[PDB]
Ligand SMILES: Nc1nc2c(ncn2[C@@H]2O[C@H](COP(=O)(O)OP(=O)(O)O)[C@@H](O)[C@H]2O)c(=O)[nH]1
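Have a look below at one chain only, the form deposited without this ligand, in structure tokens format.
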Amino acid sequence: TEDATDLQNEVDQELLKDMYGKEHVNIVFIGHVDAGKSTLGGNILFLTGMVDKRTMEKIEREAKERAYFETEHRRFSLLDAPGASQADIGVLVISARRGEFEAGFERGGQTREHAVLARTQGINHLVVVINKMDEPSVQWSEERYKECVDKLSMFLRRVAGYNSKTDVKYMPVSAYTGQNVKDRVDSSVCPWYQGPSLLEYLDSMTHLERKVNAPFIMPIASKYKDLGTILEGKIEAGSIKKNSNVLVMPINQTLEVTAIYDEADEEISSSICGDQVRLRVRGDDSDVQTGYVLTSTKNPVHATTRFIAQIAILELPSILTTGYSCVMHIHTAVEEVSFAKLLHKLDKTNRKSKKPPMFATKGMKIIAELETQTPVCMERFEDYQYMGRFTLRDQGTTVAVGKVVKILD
């Protein structure tokens, strides 16, 4: 039956940062020069501590014609507007100022071309930032915001097919004052908006195009019987439709997903990475257990018995090289692992270590080969974080933490 706790749920103490680095994301901003897409990016860089005030100004006036910024969980690389140049997130920046807003839809306007551009860039979930809310003509008026949103909603569907209820997130900001960019607008400034700030939304956003378009990956957290077999888990990559075949790795068994349900047991027709789902499946599932991974039949999640892994010892050990046995947990997995070619230590600045160690100890690290008794599904942490992140247990209460850096054979 169920899986009590993820490998994640069994970690604590902020040495976790520096090991498990922030998720890299590609973001592109679209809009008119005067709408302030350029002063938004600059203001994000400033509020987020990447540049000082003078440099942010420098950008405002050089915009008279590889940068990145961070939130708590993510690093956003800013792409140029018109793989490593496929955006995860598209942000269409629209001016709310009277006259300027309207102009974008009139004869001379660019907003049509901008929405067509977002579609051409693979942006199927558009973030639309309504900018300049602070200005004289807009005074954080809910009437103006609603008017701008309703118009954009009709127009974006017409010219580019965006269904606003499911495909578009609208958010008011002011890039000049930074209101609602990093911190939420204060209640005194805008009482009616009670959503997240732009950066807050960008941080926990689930629809990232590269990840959505990647091969399906879902570690199995549970297995029960409702009316047929049920496999519960969080989709780590890709997407799934009702009546889709999936592969169970590492056993190489195909199954059909006949139904999908969310955490509120309602039937939905599809789901993407970042969703917690419950999948009824059909076929030979007698060997399916937790820790196995539902995946694409075309480009399946990797599985191996051999890989390299950075690590961090936590408490009790003082135990031998080249053959230390404990339970490894990688996602919902729980298996069995030992060291083969103990290679490196590291400290402070993760340099490497010119000498392979003879043993482990409290507060030490690693970069070396590992092996299991039977294959387990995994990817590089760099590629799919939760598929490469693991904690070790020594028949009790923790002992290390690590990420995988290379798959072998």
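In this text, the rigid core denotes the largest set of C-alpha atoms whose superposition between the two forms falls within 1.5 Å. Position 1 is the first residue in the sequence shown; the rest follow in order.
According to the entry, the stretch of the deposited sequence that connects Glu65 to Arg66 contains 10 or more residues lacking coordinates, which leaves a long gap in the model.
Coordinates are lacking for 10 or more deposited residues between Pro82 and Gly83. Here the stretch with the larger average CA B-factor, out of 158 to 166 and 205 to 213, is 158 to 166. Per the deposited record, the Cα B-factor of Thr349 falls in the highest third when ranked against the other modelled residues of its chain.
Remark: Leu126 belongs to the middle third of its chain, ranked by C-alpha B-factor as recorded.
For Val327, the recorded CA temperature factor ranks within the middle third of the chain's modelled residues. In the PDB entry, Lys362 places in the middle third of its chain by CA B-factor. In the PDB entry, a CA B factor belonging to the highest third of its chain's modelled residues is recorded for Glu369.
Missing here is the form deposited with this ligand bound; even so, the following discussion is about that form.
Within 2.4 Å of backbone or C-beta atoms of the shown chain, at least 3 atoms of this ligand land once it is superimposed from its position in the deposited complex; the pocket counts as blocked.
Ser38 belongs to the set of residues with a heavy atom inside 4.5 Å of this ligand in the deposited complex.
When this ligand is considered in the deposited complex, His32 lines it closely, a heavy atom lying within 4.5 Å.
The closest non-hydrogen atom of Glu232 lies beyond 4.5 Å of this ligand in the deposited complex. Contact annotation: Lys64 falls within 4.5 Å of this ligand in the deposited complex, judged by heavy atom distances.
Checking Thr295, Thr332, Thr111, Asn131 for any heavy atom within 4.5 Å of this ligand in the deposited complex turns up a single hit: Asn131.
Contact with this ligand in the deposited complex, defined as a heavy atom within 4.5 Å, holds for exactly one of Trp192, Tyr176, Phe105, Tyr201, namely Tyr176. Only one segment in the set 156 to 164, 287 to 295, 215 to 223, 133 to 141 has residues whose heavy atoms sit within 4.5 Å of this ligand in the deposited complex; it is 133 to 141.
Once you line up the core between the shown form and the other one, the CA of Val11 is the only one from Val25, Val399, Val11, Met387 that shifts by 2 Å or more. CA of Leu314 to CA of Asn9: closer by 3 Å or more in the deposited complex than in the shown form. Put simply, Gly195 and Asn9 spread apart in the deposited complex: their C-alpha atoms are 3 Å or more farther than in the form shown.
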